[PDB]
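S.K.: Fold the following and give me the result.
(12 chains, ligands or ions: 2)
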Amino acid sequence: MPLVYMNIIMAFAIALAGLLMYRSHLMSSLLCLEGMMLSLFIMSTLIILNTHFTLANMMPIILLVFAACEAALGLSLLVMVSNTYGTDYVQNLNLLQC
Amino acid sequence: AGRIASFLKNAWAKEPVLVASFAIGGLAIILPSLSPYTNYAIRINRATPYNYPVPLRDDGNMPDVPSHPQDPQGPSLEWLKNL
Amino acid sequence: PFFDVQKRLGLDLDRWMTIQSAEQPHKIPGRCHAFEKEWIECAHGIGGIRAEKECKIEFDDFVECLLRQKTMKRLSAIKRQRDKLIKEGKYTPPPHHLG
Amino acid sequence: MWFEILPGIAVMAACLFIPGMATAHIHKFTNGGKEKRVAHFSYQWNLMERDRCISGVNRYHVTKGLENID
Amino acid sequence: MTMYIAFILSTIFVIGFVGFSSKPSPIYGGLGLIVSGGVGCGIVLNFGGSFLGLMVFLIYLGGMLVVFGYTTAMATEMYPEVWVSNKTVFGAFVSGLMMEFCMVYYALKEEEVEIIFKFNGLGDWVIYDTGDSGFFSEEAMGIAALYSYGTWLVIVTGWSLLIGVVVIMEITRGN
Amino acid sequence: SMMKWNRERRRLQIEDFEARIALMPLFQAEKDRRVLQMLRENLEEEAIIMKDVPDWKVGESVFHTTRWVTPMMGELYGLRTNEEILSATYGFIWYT
Amino acid sequence: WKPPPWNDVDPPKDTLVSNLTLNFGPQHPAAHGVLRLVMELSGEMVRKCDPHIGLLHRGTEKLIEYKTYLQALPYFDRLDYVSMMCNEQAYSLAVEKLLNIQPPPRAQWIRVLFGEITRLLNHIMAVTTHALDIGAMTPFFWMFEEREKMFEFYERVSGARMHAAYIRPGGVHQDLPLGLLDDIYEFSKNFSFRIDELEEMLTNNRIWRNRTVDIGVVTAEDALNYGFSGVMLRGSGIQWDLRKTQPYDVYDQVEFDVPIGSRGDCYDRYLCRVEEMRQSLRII
Amino acid sequence: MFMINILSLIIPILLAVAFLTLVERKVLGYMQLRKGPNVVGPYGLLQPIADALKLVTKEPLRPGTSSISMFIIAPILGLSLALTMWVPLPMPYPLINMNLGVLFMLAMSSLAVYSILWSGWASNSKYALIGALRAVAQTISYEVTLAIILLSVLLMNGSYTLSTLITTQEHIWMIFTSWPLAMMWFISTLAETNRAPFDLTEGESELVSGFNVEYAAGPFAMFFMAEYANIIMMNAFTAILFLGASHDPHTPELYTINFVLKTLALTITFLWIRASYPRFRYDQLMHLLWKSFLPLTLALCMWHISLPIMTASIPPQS
Amino acid sequence: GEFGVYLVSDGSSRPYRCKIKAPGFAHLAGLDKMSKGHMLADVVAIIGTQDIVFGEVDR
Amino acid sequence: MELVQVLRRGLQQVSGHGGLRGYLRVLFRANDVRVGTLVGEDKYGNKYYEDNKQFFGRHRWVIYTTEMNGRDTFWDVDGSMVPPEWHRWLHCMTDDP
Amino acid sequence: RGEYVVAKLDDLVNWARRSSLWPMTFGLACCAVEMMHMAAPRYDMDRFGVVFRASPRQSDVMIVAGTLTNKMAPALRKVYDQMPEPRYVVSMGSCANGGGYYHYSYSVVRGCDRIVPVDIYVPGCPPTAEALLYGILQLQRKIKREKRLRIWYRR
Amino acid sequence: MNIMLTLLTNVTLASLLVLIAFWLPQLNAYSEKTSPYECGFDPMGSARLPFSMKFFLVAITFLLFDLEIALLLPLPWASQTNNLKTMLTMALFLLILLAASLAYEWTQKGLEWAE
Ligand SMILES: COC1=C(OC)C(=O)C(C/C=C(\C)CC/C=C(\C)CC/C=C(/C)CC/C=C(/C)CC/C=C(\C)CC/C=C(\C)CC/C=C(\C)CC/C=C(\C)CC/C=C(\C)CCC=C(C)C)=C(C)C1=O
Ligand code: SF4
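M.R.: Numbering: from 1, shown residues only, chains lettered A, B, ... in the order given. Ligands and ions are numbered 1, 2, ... in the order given. Pasting the structure now:
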């Protein structure tokens, strides 16, 4: 388990940490969401290439197919929250507190 | 006939691109089943030796498997030369 | 599978990629083909409870082949001890490992 | 007239000709005349590596024919 | 120096990863992702995954383009932030750089890191395997079998993406 | 014209591959000797490099199985030169 | 913590539309150079177009008062940079009407001759600069070679290339230089081809029509009420042309066809301009 | 002998765009009955040098509302991307024999648009943001057709290797088997490089700038030299992909001469259409691709997946 | 258009008031009406057909 | 049949302009190479040529003198260096040199 | 010699300047129409290296063609101040020079000089497209006689 | 090696041209030469407020469609299989849904750009 595995695993942790610390931006939040996807794609690519799991080389592709699909969903949701509330800071949508 | 011919002619006037694209799109699906060279394409792909033809141990009673590459018995693909 | 429709309906949907020793394209074997082949042939129908205790060394060989955890650890010790020994000056690499 | 346009092409055509000629000649010069061997697959690279080891001078392009064995 | 570019490339991947995870302005976040995405493509290329490397390069670039194409569309701030700007982003940024630089120091000085899992520093060149690939690249034939061995995956992926266009319009339509 | 030429290219590739199959036995035959030679050289050097260690019995198979496992490239070239490492691991990938 | 809404809908928040507003000039090359065109847009579709003008408000109407009738003649050449004799013809007719005096028949014929040449001048630049702003830059240069040819006729008769100061109350300054009519005939002989050169690359051009067809469409009564005149009435079905309804000078003797438009959009009026270019040749 | 090779590519490339600006006006002028530059040197053979030297000595200035860092890096992005993209082009023998050369050029060409809006966004100008937002959706929508057109044509290749086009169209030009895809490929190349049926990226008539909004002597020179280099290649890529040429393995000079001639002829056509058509409005150029190019694009794709199968003409993978 | 002049004299040798009818004045006054709904890139097209020379509107 | 005549006509210009050295002189200082009959010479050194076959506008031209009134004009030709008597003929205002 | 080296270097820069003037069209009045005739193929302004270019950030010389009305006078100064400044201003026509016909009006400044420094003055009403070509040629001569490096070497 | 040397040379060449771009031409600047350009008269204050364009729907479908082209990219190597019937059926299947998604996107306003 060489150091490149450490780099991208520790990377995904900061993607997890980055997502879980929304400061003032939904768009920057979605950035960290797609950020997670890099490390998962990159680690998955390293795994099935190292192990010569040739039939499983499709798995990183199918990750990406369902990757941007969420990415489109996030921005489409971001379209209306910014459209009808003006901005994208995740603090002005607290009307559901009650 | 009258309903179909009027529709095709009208679409051929206003939106030539769509009636065009639907044509080649339509032909792209139905000829490949009809055309007889599809089996040749399978045979050409099958006949391509990417891997080694690993020898199989001769314990006798294998008349069809050749003992030498130049032997007559076995899969011969002279049809490729003719085709 | 929770509700195994693949077993009942008798078709394959994902039981072709779940393992490394399946029919890969153009018979390209995986790295640890033999190691997992023994492991699966070891614990087949024996149950997960019995598999985790009986087919244990086969899994350990297979898991090691996947990561080379101990083998790389062995190589790490060879290089480190060689480095300090060469640096101190006891012995020098033989000419075959120079060119 | 229109033929006055051609000097604009000529100084460009010669300039665009250089990369094609330079790369073609550099490969031949740096590989002893023969074209640079292309390895699109590991098997091609395996031949090249065996060529480097066999030649003795650690040059893949330096080739030994029948005279190496006897 | 060319000992093994895997760690160096993955380091820039993490530093670029640190960037947009610190919550900059969204446009600067795209740059922080792109450098990580570009060098991430470099990591996979170095490991033999030639097709997959350029694959994530092309898709992501288009993906993140519409990302920060959107940010300037309706998510822009009238006074945009920057890597320095607010102390929060400044604090979030510098925290990431000092963090990763601590782990790599913790990584390269004993080579027996045991955080969560085990991580021993011996060189990612080692895990490579000796063997030819015939006249075909293994990765290309693996992802080519999607149309022969993965007909089930094609159906679910195709249907989901088709539904993906339905939801996008349906969500964004409104009224 | 494309149909005929592509068929000819397929026939050429068959000839190319058939040529490859002919020399595979030699390349396989020599390479196994080189790999065994490299491992043997590593084992002798490992014995010399560790003789005063507490317990490093020469050449213990980490895998419990007695069959041969295709060796790591690391354990082959590990103590060899830097140029040997780069030309071996990132040789085909970097050859552009 | 206030109670949740009864219909599960909150009142709409503060309006968040900013509607980016800019000034489209006067530096903009396609804004005629003197437009401070400010527009309101719904993001990209314009809502109102407030054309701030006065960026070239030279006090012409006040300066005319202080000059004599002859002294005020050059001002009308400097109102419309392209309609030179047409501008002076209007002022000359006004001064002659007050004076109850008519010009000699030769002077009238020269007026309508150079009046139609002028109509070629404005139409040439109107269409070509329309192509320039649209994006087609090539027909600009071809027909502005001919504009130089007509500029020679302006200079050969009056002395200056653009501001002729030629048409004056009571006729014209001086007679035509000998041999000018031959050059006018020579130039007009090939101008039919040059018009076909212009119109062939745009009239049927798919890009051109899509850039003008069904754009800027005005109705009939809308154009009449808005004070629109000239082509804009002609381009939208209204059959009106002062050259036929209220003939001035000897316009009651020349025969020509007014190109009434049908759709009223940009493309129809541009066609009317091109046809008005061809029709002037018959009048010439 | 690799630094010499690289500098035997960079210098000829920058000199090719250098005098393309002269063969632009000298061709544009002659097509609009003008004469083009013929004063600076004989026949204008020194005008671009006079242009270039001025554009590296007249005062550059960052905008007061600029973002310095992104303002400076955008010219770096444009120029380096343009140069690095010529790398796998298979002039007889390609400089870098990439196994996936086609995918490489697609990826980096999709990156040359980050320069245009990073320049636009950092410039903090109303015309800058408009031009930046015009260009991005312009290129990516034109990119969907770019990817599929390349794939449909290359299905007869059997691989993405650029060198194999030499072998593929050895006897027959590729355009004779994929001319319908050739037409949309040429139009898309006109659109990715922003020439002038769709030069709306600059939008000089309606946006005065947008390629380089406040960009000055140096940075303006880059954003020009980074797109005129794309002009030469996108026709070199068209030439290599569709109009093949005879390539004797012993005398590559004949192929280089032929290859250069096709690029020169194609580049003239890029200049030729530039002065023969009006400007597409934004919705029109988007409508043309999303509503007329794409339906034909997918249909001809399905044709080219099936075509080798029905005719048993699957090309060799190697 | 319909270029015209409202010339007012007083019996002297100079005009008393020379109002200049501007064909483009009413034309440019209607630009907002014609630009209703059309995209901004069509604003150049609907002033190109306008034929507004800016020495007449401004006078 | 006409290309060979064109090259011969183009080759004749080098003999027309006093040899090759004169040809580059006109090319590098007058930007034209067309030859034409010498209609006259003025006192300041300007050489006036005319060629009626050229279309109206280029049928007459002047090659400016190298030096006039203590100011070198080899590379510094000015449009006002024409004497009034020749200015009339040059501007096509009349046909009488 | 150092002076000789600075002499040739100055000439190289001055040649690069005078051989590429990019006017930023301030087309205001009938003076602009005649200037476009200079761009017309009859005189072909482009052939002299001088080609029309918008975006004053990418232009070298101003060509004031037409009357300068007091309302737009701030615009003239603003577009003048935004030029990367090896920069020159050419005034076309009597109106731009000193007011011309509208010298006595209430809303026309008596000359473009009062707003911007003015290089070569082009007289006319309008100056013929050939006269402007002579004017631009005069500016090229003025750029030729610039001793920027010689002055720096002798500071 | 070869690829990174080429990448390095390009960025150094580009950066050097910037360095001589901003340093060789000396500067005599002020606060009015750095003012944002707005075709003359003063800007009203913009270029960073939300500038909402209309092609957002088709901008995001490009991202969806760009994933389709990723899925159908491996086709050149997919033809080199022994079961082209299944490969042909699946290859056309992805194209059909890609066409179907565009067609349904077309019918419901879709490609039309909001006013
Ligand atoms: C609407 O539509 C529109 C368009 O179109 C659609 C348009 O077109 C246009 C454009 C307008 C026109 C065409 C109209 C006319 C205008 C013009 C012609 C403008 C002209 C503009 C120019 C930029 C001029 C271009 C002309 C020329 C002659 C350019 C010439 C080039 C050069 C002088 C430079 C050439 C390159 C050189 C010298 C490179 C030198 C390199 C080296 C010495 C080596 C460098 C590298 C190394 C040393 C590597 C080794 C180093 C190492 C390793 C360092 C390591 C370091 C470490 C720290 C490790 C517009 C505006 C438009 O509106
Ligand atoms: S000087 Fe004469 S031509 Fe020029 S703008 Fe003034 S009135 Fe018009």
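S.K.: residues in contact with the strand or helix carrying residue J:28?
M.R.: Residue J:28 is part of helix J:19-30, with elements assigned from DSSP states H and E. With contact meaning Cβ atoms under 8 Å, 6 or more residues apart in numbering or on different chains, helix J:19-30 is reached by H:42, J:13, J:14, J:17, J:32, J:33, J:63, J:74, J:75, J:77. The C-beta positions use only the backbone N, C-alpha and C, and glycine is treated the same way.
S.K.: Now do the contacts for the third one.
M.R.: In other words, residue J:14. J:20, J:23.
S.K.: cool, the fourth one as well?
M.R.: Contacts were defined as Cβ under 8 Å, 6+ apart; by that measure residue J:17 touches J:23, J:25, J:26, J:33, J:35.
S.K.: Ok, the second one next?
M.R.: The neighbourhood of residue J:13, defined by Cβ under 8 Å, 6+ apart, consists of J:23, J:33, J:34, J:35.
S.K.: Show me where the chain has its helices.
M.R.: All of this is about chain A. Here chain A has its helices, by DSSP state H, at A:3-19, A:26-50, A:58-85.
S.K.: should've been chain I
M.R.: I:23-29, I:31-34, I:45-48.
S.K.: quick one: which of the ones you listed is nearest chain A?
M.R.: helix I:31-34 (27.6 Å; Cβ to the nearest Cβ).
S.K.: Establish whether the closest one and chain H are in contact.
M.R.: No - Helix I:31-34 stays clear of chain H (Cβ under 8 Å from any Cβ of the partner chain), getting no nearer than 15.5 Å.
S.K.: and that helix, what other elements does it pack with?
M.R.: With contacts taken as 3 or more Cβ pairs under 8 Å, 6 or more residues apart in numbering or on different chains; DSSP states H and E, helix I:31-34 sits against strand G:45-52, helix I:45-48.
S.K.: And the contacts of the longest one?
M.R.: Read it as strand G:45-52. Contacts of strand G:45-52 (Cβ under 8 Å, 6+ apart): G:19, G:23, G:35-41, I:28, I:31-32, I:35-40, I:43, L:115.
S.K.: can the helices of chain A go into TSV with extra columns for mean neighbour count and distance to chain K?
M.R.: Shown next, in TSV, are the helices of chain A (neighbours: other Cβ atoms under 10 Å in any protein chain shown; distance: least, Cβ to the nearest Cβ, whole Å):
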stretch	mean neighbour count	distance to chain K
helix A:3-19	22	39
helix A:26-50	23	31
helix A:58-85	20	32
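S.K.: who wins for proximity to chain L among these?
M.R.: Short answer: helix A:58-85, nearest of the helices of chain A by Cβ to the nearest Cβ, at 5.0 Å.
S.K.: hmm, that closest one in reach of chain L?
M.R.: Yes - with Cβ under 8 Å from any Cβ as the measure, helix A:58-85 is seen reaching chain L through A:61, A:64, A:65, A:68, A:69, A:71, A:72, A:75, A:76, A:79, A:82, A:83.
S.K.: Now the two most distant members of the residues you listed.
M.R.: A:61 and A:83 (33.4 Å; Cβ to Cβ).
S.K.: hang on, the earlier thing: so which of the contacts of helix J:19-30 is the closest to chain G?
M.R.: Of those, the one sitting nearest to chain G (Cβ to the nearest Cβ) turns out to be residue J:32, at 19.8 Å.
S.K.: who's in contact with the closest one?
M.R.: Neighbouring residues of residue J:32 by Cβ under 8 Å, 6+ apart: J:26, J:61.
S.K.: please redo it, this time with the cut-off set to 10 Å
M.R.: Residue J:32 sits next to H:38, J:13, J:26, J:58, J:61, J:63 when contact means Cβ atoms under 10 Å, 6 or more residues apart in numbering or on different chains.
S.K.: residue boundaries of the helices in chain L?
M.R.: L:2-23, L:56-71, L:75-78, L:84-107.
S.K.: and the closest residue to chain H within chain L, how many neighbours?
M.R.: Using Cβ to the nearest Cβ, residue L:21 is the residue of chain L that sits closest to chain H, at 2.0 Å. By other Cβ atoms under 10 Å in any protein chain shown, 23 other residues sit near residue L:21.
S.K.: So it is in contact with residue H:79, correct?
M.R.: No - at 11.0 Å, residue L:21 and residue H:79 do not qualify as touching, with contact defined as Cβ atoms under 10 Å.
S.K.: how much space between residue F:88 and residue D:56?
M.R.: Counting by Cβ to Cβ, to the nearest Å, the gap from residue F:88 to residue D:56 is 19 Å.
S.K.: In terms of neighbours, single out the busier of those two.
M.R.: A count of neighbours by other Cβ under 10 Å puts residue F:88 above the other of residue F:88 and residue D:56, at 17 against 10.
S.K.: Residue numbers of chain A in contact with chain L?
M.R.: Within reach of chain L by Cβ under 10 Å from any Cβ of the partner chain, chain A has these residues: A:57-58, A:61-62, A:64-69, A:71-73, A:75-76, A:79, A:82-83, A:86-88.
S.K.: and residue C:19, helix, strand or coil?
M.R.: At residue C:19 the chain is in coil, as set by DSSP: H, G, I helix; E, B strand; the rest coil.
S.K.: got it, and residue K:71?
M.R.: With three-state DSSP as the basis, residue K:71 sits in coil.
S.K.: Counting neighbours, what do you get for it?
M.R.: 17.
S.K.: Redo the contacts of residue J:17 as TSV? Include distance to residue G:258 and neighbour count.
M.R.: Below are these laid out as TSV (distance: Cβ to Cβ, whole Å; neighbours: other Cβ atoms under 10 Å in any protein chain shown):
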residue	distance to residue G:258	neighbour count
J:23	58	17
J:25	59	16
J:26	54	18
J:33	51	15
J:35	53	17
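S.K.: List just the nearest of those residues to residue G:67.
M.R.: residue J:26 (52.0 Å).
S.K.: Could you check how far the closest one is from residue J:36?
M.R.: 11 Å.
S.K.: same check, this time on residue I:20
M.R.: Distance, residue I:20 to residue J:36, by Cβ to Cβ: 50 Å.
S.K.: Which one of the two is surrounded by more residues?
M.R.: residue I:20 (22 against 19).
S.K.: these two touch, right, that one and residue G:63?
M.R.: No - contact criterion Cβ under 10 Å: residue I:20 and residue G:63 do not qualify, at 11.6 Å.
S.K.: Need the overlap of contacts for those two.
M.R.: residue G:75.
S.K.: got a list of what the nearest residue to residue G:154 once chain neighbours are set aside touches?
M.R.: Counting by Cβ to Cβ, 6 or more residues apart in numbering or on different chains, residue G:154 lies nearest to residue G:164, which is 5.3 Å off, once chain neighbours are set aside. Contacts of residue G:164 were listed using Cβ under 10 Å, 6+ apart, and they are G:74, G:77, G:84-85, G:88, G:114, G:118, G:153-155, G:157-158, G:172-173.
S.K.: sorry, back to before: of the contacts of residue J:32, closest to chain B?
M.R.: Using Cβ to the nearest Cβ, these come closest to chain B at residue H:38, 44.6 Å.
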